[PDB]
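Novice: Sharing a structure with you now.
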Amino acid sequence: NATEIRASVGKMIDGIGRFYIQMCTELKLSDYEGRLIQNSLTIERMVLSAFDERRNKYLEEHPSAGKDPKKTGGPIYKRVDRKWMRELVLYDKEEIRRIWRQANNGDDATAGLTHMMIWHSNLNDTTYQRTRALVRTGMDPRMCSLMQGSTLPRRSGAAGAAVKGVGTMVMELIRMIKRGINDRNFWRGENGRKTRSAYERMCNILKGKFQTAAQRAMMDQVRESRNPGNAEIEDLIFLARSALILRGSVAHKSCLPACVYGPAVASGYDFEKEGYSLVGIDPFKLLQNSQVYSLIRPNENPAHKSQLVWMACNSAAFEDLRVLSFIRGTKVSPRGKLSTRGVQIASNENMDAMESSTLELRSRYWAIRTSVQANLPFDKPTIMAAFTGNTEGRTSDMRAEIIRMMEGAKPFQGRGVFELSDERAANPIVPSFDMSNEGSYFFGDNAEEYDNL
């Protein structure tokens, strides 16, 4: 039955590829332009926007985009006369839906839509900082390592919830509790009936992330308060600090852009026959064999733009850079040291100075998300953010119990490293880290804030 799952997962990969091929022909893109990752994001956005229908489930629409809600589109970049031309293409949302279902053999293929949504989420997680949003909800800006999927649309369903991190959940809960503090009729009426059910669902989702009995128990108390207020915010802040040391279980999905699945299908490949699994070597194979290009701005390092896209493709922004550096074969630097900005090009940017280069997406080893294990300590900003604020305010048997587990915490998902020549994962390789590299991707972070557009 395990190979039956591979066939269904391969069937949506086959569907994403078939669709992207049809969209390249529809937009009349050259072979190079079809492999340009800026075009891949725009084409992917048109699908999510066509099926979203202003729900904010698969993406987030600009307020200006709601000027003709029957159409969707974005910038398409073509190489004309030694320069990069940008044009805004518009299609009916009904047309994009028909083409998407036609590519998936009539099916609706919701899984494929989720797949491209999570790929956009992982790209935003590796690109943009979230410290201003953390400050708005009264959080520690040093908890940036807990913001997995903090860019997903607000009304993303169960599919989005699996990738959201502990801090992302605490942020959406505090946002909800603060709106209950403002309006007293929040938990009353028909809205009160539904919002209360959403509050208990979010709490139970966050409770599932925690891997200690003490953390789960404190989450139950936050759910039971039928009138939540400033006390539950403080408990959720404390549970977030505990997640720095007693890390939660968050799912990471390696979701590649359509411009990788596209030419894999375009050449000729039956992902439904061979099957496909996001957990093992299959994503590394597609990345090794892929040929992707990206628009690049002046004063930008194409090697760093590559690390940005490679890290997002493997959903590795929140992992140890010393591990990624070993797998990659090249030093994987913190985001602060990267000479790059977002992959997407803003509408106000000048196209005259824009160039393109080949993205380096290959790896020396591959790894399956999971026995000698060498454990590395947290950095001092993480330690200081975790063991603070417990001297004043709320104290309890549960808080003292959690702090006790944090203090005596023994050295939490890892990676099992294998050779590319070891396709069947026969001989695991024990990594040898470079102790001069920083361990956290967000150390010395200086990237743009996500709340700017």
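Chain labels follow the order of the structure tokens: the first chain is A, the next B, and so on; residue numbering restarts at 1 in every chain, and ligands are counted from 1 in their shown order.
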Find the residues around residue 141 (chain A) up to 10 Å (only C-alpha atoms counted), leave out those fewer than 5 positions away in its own chain, and share them as a list in words.
Specialist: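 Contacts, with the query itself left out: residues 129, 130, 131, 132, 133, 134, 135 and 385 of chain A.
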Novice: Would you pick out the contacts of residue 71 (chain A) at 6 Å or less, using only C-alpha atoms, so that residues sharing its chain but fewer than 4 positions from it are not included, and give the list as a PDB file with N, CA and C atoms, in the first residue's frame?
Specialist:
```pdb
ATOM      1  N   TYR A  91      -5.829  36.774 -17.428  1.00  0.00           N
ATOM      2  CA  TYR A  91      -6.695  35.707 -17.900  1.00  0.00           C
ATOM      3  C   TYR A  91      -7.908  35.613 -16.988  1.00  0.00           C
ATOM      4  N   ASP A  92      -9.015  35.128 -17.543  1.00  0.00           N
ATOM      5  CA  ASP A  92     -10.191  34.860 -16.729  1.00  0.00           C
ATOM      6  C   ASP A  92      -9.910  33.714 -15.767  1.00  0.00           C
ATOM      7  N   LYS A  93     -10.348  33.879 -14.515  1.00  0.00           N
ATOM      8  CA  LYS A  93     -10.174  32.817 -13.530  1.00  0.00           C
ATOM      9  C   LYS A  93     -10.859  31.533 -13.977  1.00  0.00           C
TER      10      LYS A  93
END
```
Novice: Can you pull out every residue within 9 Å of region 8-12 of chain A, counting only C-alpha atoms, but drop anything in the same chain fewer than 6 positions away, and send it as JSON, numbers by chain?
Specialist: {"A": [104, 109, 110, 111, 112, 115, 270, 271, 272, 273, 274, 275, 276, 277, 278]}
Novice: Selection from above, N, CA, C and O atoms, as a compact mmCIF listing (two decimals), in the first residue's frame, can you write it?
Specialist:
```txt
# COMPACT_ATOMS: atom_id res chain seq x y z
N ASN A 104 -5.12 17.88 -15.32
CA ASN A 104 -5.21 16.82 -14.32
C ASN A 104 -6.25 15.76 -14.70
O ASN A 104 -6.80 15.09 -13.82
N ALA A 109 -7.96 18.16 -8.39
CA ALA A 109 -6.55 18.11 -7.98
C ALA A 109 -6.23 19.18 -6.93
O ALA A 109 -5.39 20.05 -7.13
N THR A 110 -6.93 19.09 -5.80
CA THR A 110 -6.70 20.02 -4.71
C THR A 110 -5.28 19.87 -4.15
O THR A 110 -4.66 20.85 -3.74
N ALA A 111 -4.76 18.64 -4.13
CA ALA A 111 -3.43 18.40 -3.59
C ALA A 111 -2.37 19.20 -4.34
O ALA A 111 -1.44 19.73 -3.72
N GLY A 112 -2.50 19.30 -5.66
CA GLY A 112 -1.56 20.10 -6.43
C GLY A 112 -1.60 21.57 -6.07
O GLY A 112 -0.56 22.23 -6.01
N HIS A 115 0.18 21.92 -2.93
CA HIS A 115 1.61 21.74 -3.15
C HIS A 115 2.28 23.04 -3.58
O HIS A 115 3.36 23.38 -3.09
N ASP A 270 6.72 9.61 -16.45
CA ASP A 270 5.41 9.26 -15.91
C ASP A 270 5.58 9.13 -14.40
O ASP A 270 5.93 8.07 -13.88
N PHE A 271 5.33 10.24 -13.69
CA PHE A 271 5.43 10.23 -12.24
C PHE A 271 4.42 9.29 -11.60
O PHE A 271 4.63 8.83 -10.48
N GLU A 272 3.32 8.99 -12.30
CA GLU A 272 2.36 8.03 -11.77
C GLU A 272 2.88 6.60 -11.88
O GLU A 272 2.58 5.77 -11.02
N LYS A 273 3.67 6.31 -12.92
CA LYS A 273 4.29 4.99 -13.03
C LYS A 273 5.37 4.80 -11.98
O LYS A 273 5.26 3.93 -11.10
N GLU A 274 6.43 5.61 -12.05
CA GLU A 274 7.55 5.47 -11.13
C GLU A 274 7.19 5.82 -9.69
O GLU A 274 7.88 5.37 -8.77
N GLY A 275 6.13 6.60 -9.48
CA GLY A 275 5.81 7.09 -8.16
C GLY A 275 6.69 8.26 -7.76
O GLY A 275 7.67 8.61 -8.43
N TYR A 276 6.34 8.87 -6.64
CA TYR A 276 7.08 10.03 -6.15
C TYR A 276 6.84 10.17 -4.66
O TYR A 276 5.71 10.02 -4.18
N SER A 277 7.92 10.45 -3.92
CA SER A 277 7.86 10.59 -2.47
C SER A 277 8.67 11.82 -2.08
O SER A 277 9.85 11.93 -2.42
N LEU A 278 8.02 12.75 -1.37
CA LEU A 278 8.69 13.97 -0.92
C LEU A 278 9.72 13.71 0.17
O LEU A 278 10.54 14.60 0.44
```
Novice: If we count only C-alpha atoms, what is near region 321-331 of chain A at a cut-off of 6 Å, once residues fewer than 3 positions away on the same chain are taken out, given as a list in words?
Specialist: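 The residues satisfying every condition are residues 363, 364, 365, 433 and 439 of chain A.
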Novice: Just the number, please: distance in Å from CA of residue 108 (chain A) to CA of residue 155 (chain A), one decimal.
Specialist: 19.3 Å
Novice: Nearest to residue 317 (chain A): which of A:304, A:297, A:70, A:252 is it, counting only C-alpha atoms?
Specialist: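 That would be A:252, the residue with the smallest distance to residue 317 (chain A).
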Novice: Just list the residues in region 2-195 of chain A DSSP gives strand (DSSP E) on the backbone, as a PyMOL selection string.
Specialist: chain A and resi 71-80+83-92
Novice: Put those residues in a file: N, CA and C atoms, as a PDB file, in the first residue's frame.
Specialist:
```
ATOM      1  N   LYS A  71     -10.797  38.221 -13.194  1.00  0.00           N
ATOM      2  CA  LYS A  71      -9.556  37.985 -13.910  1.00  0.00           C
ATOM      3  C   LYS A  71      -8.399  37.855 -12.929  1.00  0.00           C
ATOM      4  N   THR A  72      -7.322  37.234 -13.403  1.00  0.00           N
ATOM      5  CA  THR A  72      -6.114  37.067 -12.610  1.00  0.00           C
ATOM      6  C   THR A  72      -4.913  37.106 -13.543  1.00  0.00           C
ATOM      7  N   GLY A  73      -3.734  37.230 -12.952  1.00  0.00           N
ATOM      8  CA  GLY A  73      -2.515  37.267 -13.730  1.00  0.00           C
ATOM      9  C   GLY A  73      -1.400  37.947 -12.960  1.00  0.00           C
ATOM     10  N   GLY A  74      -0.310  38.202 -13.679  1.00  0.00           N
ATOM     11  CA  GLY A  74       0.849  38.838 -13.105  1.00  0.00           C
ATOM     12  C   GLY A  74       1.906  39.150 -14.143  1.00  0.00           C
ATOM     13  N   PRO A  75       3.125  39.442 -13.688  1.00  0.00           N
ATOM     14  CA  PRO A  75       4.204  39.790 -14.624  1.00  0.00           C
ATOM     15  C   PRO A  75       4.791  38.550 -15.285  1.00  0.00           C
ATOM     16  N   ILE A  76       4.927  38.606 -16.607  1.00  0.00           N
ATOM     17  CA  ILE A  76       5.604  37.575 -17.384  1.00  0.00           C
ATOM     18  C   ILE A  76       6.824  38.210 -18.031  1.00  0.00           C
ATOM     19  N   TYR A  77       7.982  37.581 -17.855  1.00  0.00           N
ATOM     20  CA  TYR A  77       9.257  38.139 -18.282  1.00  0.00           C
ATOM     21  C   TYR A  77       9.782  37.373 -19.489  1.00  0.00           C
ATOM     22  N   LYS A  78      10.084  38.101 -20.562  1.00  0.00           N
ATOM     23  CA  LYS A  78      10.642  37.523 -21.777  1.00  0.00           C
ATOM     24  C   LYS A  78      11.894  38.289 -22.181  1.00  0.00           C
ATOM     25  N   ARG A  79      12.808  37.590 -22.852  1.00  0.00           N
ATOM     26  CA  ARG A  79      14.055  38.183 -23.325  1.00  0.00           C
ATOM     27  C   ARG A  79      13.855  38.641 -24.766  1.00  0.00           C
ATOM     28  N   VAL A  80      13.737  39.952 -24.963  1.00  0.00           N
ATOM     29  CA  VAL A  80      13.495  40.535 -26.277  1.00  0.00           C
ATOM     30  C   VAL A  80      14.536  41.618 -26.522  1.00  0.00           C
ATOM     31  N   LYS A  83      17.346  42.562 -23.925  1.00  0.00           N
ATOM     32  CA  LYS A  83      16.857  43.099 -22.665  1.00  0.00           C
ATOM     33  C   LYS A  83      15.701  42.247 -22.162  1.00  0.00           C
ATOM     34  N   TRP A  84      15.409  42.382 -20.871  1.00  0.00           N
ATOM     35  CA  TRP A  84      14.309  41.665 -20.240  1.00  0.00           C
ATOM     36  C   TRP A  84      13.075  42.558 -20.219  1.00  0.00           C
ATOM     37  N   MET A  85      12.033  42.135 -20.927  1.00  0.00           N
ATOM     38  CA  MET A  85      10.769  42.852 -20.976  1.00  0.00           C
ATOM     39  C   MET A  85       9.789  42.230 -19.992  1.00  0.00           C
ATOM     40  N   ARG A  86       9.080  43.083 -19.258  1.00  0.00           N
ATOM     41  CA  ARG A  86       8.051  42.660 -18.318  1.00  0.00           C
ATOM     42  C   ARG A  86       6.689  43.103 -18.831  1.00  0.00           C
ATOM     43  N   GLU A  87       5.746  42.166 -18.890  1.00  0.00           N
ATOM     44  CA  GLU A  87       4.379  42.470 -19.284  1.00  0.00           C
ATOM     45  C   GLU A  87       3.412  41.864 -18.278  1.00  0.00           C
ATOM     46  N   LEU A  88       2.297  42.555 -18.066  1.00  0.00           N
ATOM     47  CA  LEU A  88       1.245  42.092 -17.170  1.00  0.00           C
ATOM     48  C   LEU A  88       0.197  41.371 -18.008  1.00  0.00           C
ATOM     49  N   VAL A  89       0.099  40.059 -17.829  1.00  0.00           N
ATOM     50  CA  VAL A  89      -0.855  39.235 -18.560  1.00  0.00           C
ATOM     51  C   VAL A  89      -2.068  39.012 -17.671  1.00  0.00           C
ATOM     52  N   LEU A  90      -3.253  38.997 -18.276  1.00  0.00           N
ATOM     53  CA  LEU A  90      -4.494  38.787 -17.544  1.00  0.00           C
ATOM     54  C   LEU A  90      -5.311  37.703 -18.227  1.00  0.00           C
ATOM     55  N   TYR A  91      -5.829  36.774 -17.428  1.00  0.00           N
ATOM     56  CA  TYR A  91      -6.695  35.707 -17.900  1.00  0.00           C
ATOM     57  C   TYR A  91      -7.908  35.613 -16.988  1.00  0.00           C
ATOM     58  N   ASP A  92      -9.015  35.128 -17.543  1.00  0.00           N
ATOM     59  CA  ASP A  92     -10.191  34.860 -16.729  1.00  0.00           C
ATOM     60  C   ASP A  92      -9.910  33.714 -15.767  1.00  0.00           C
TER      61      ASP A  92
END
```
Novice: Suppose you want the space between CA of residue 176 (chain A) and CA of residue 125 (chain A); what is it in Å?
Specialist: 22.2 Å
Novice: Which of region 177-408 of chain A end up as alpha helix (DSSP H) when DSSP is run on this backbone - answer as number ranges by chain?
Specialist: A: 177-182, 189-209, 213-224, 230-245, 258-267, 271-274, 282-289, 302-313, 321-328, 380-386, 397-407
Novice: Please provide the set of residues having any atom within 8 Å of residue 203 (chain A), restricted to only C-alpha atoms, with same-chain residues fewer than 2 positions apart removed, written as a list in words.
Specialist: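 Near neighbours after the sequence-gap exclusion: residues 173, 199, 200, 201, 205, 206, 207, 219, 220, 222 and 223 of chain A.
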Novice: Taking only C-alpha atoms into account, name the residue in A:170, A:5, A:24, A:417 that is nearest to residue 263 (chain A).
Specialist: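 Closest residue, counting only C-alpha atoms: A:24.
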Novice: To one decimal place in Å, what is the distance between CA of residue 156 (chain A) and CA of residue 50 (chain A)?
Specialist: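 Spanning CA of residue 156 (chain A) to CA of residue 50 (chain A) is a straight-line distance of 15.4 Å.
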Novice: Given only C-alpha atoms as the basis, pick out the residue of A:346, A:403, A:171, A:161 nearest to residue 147 (chain A).
Specialist: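 Nearest to residue 147 (chain A): A:171.
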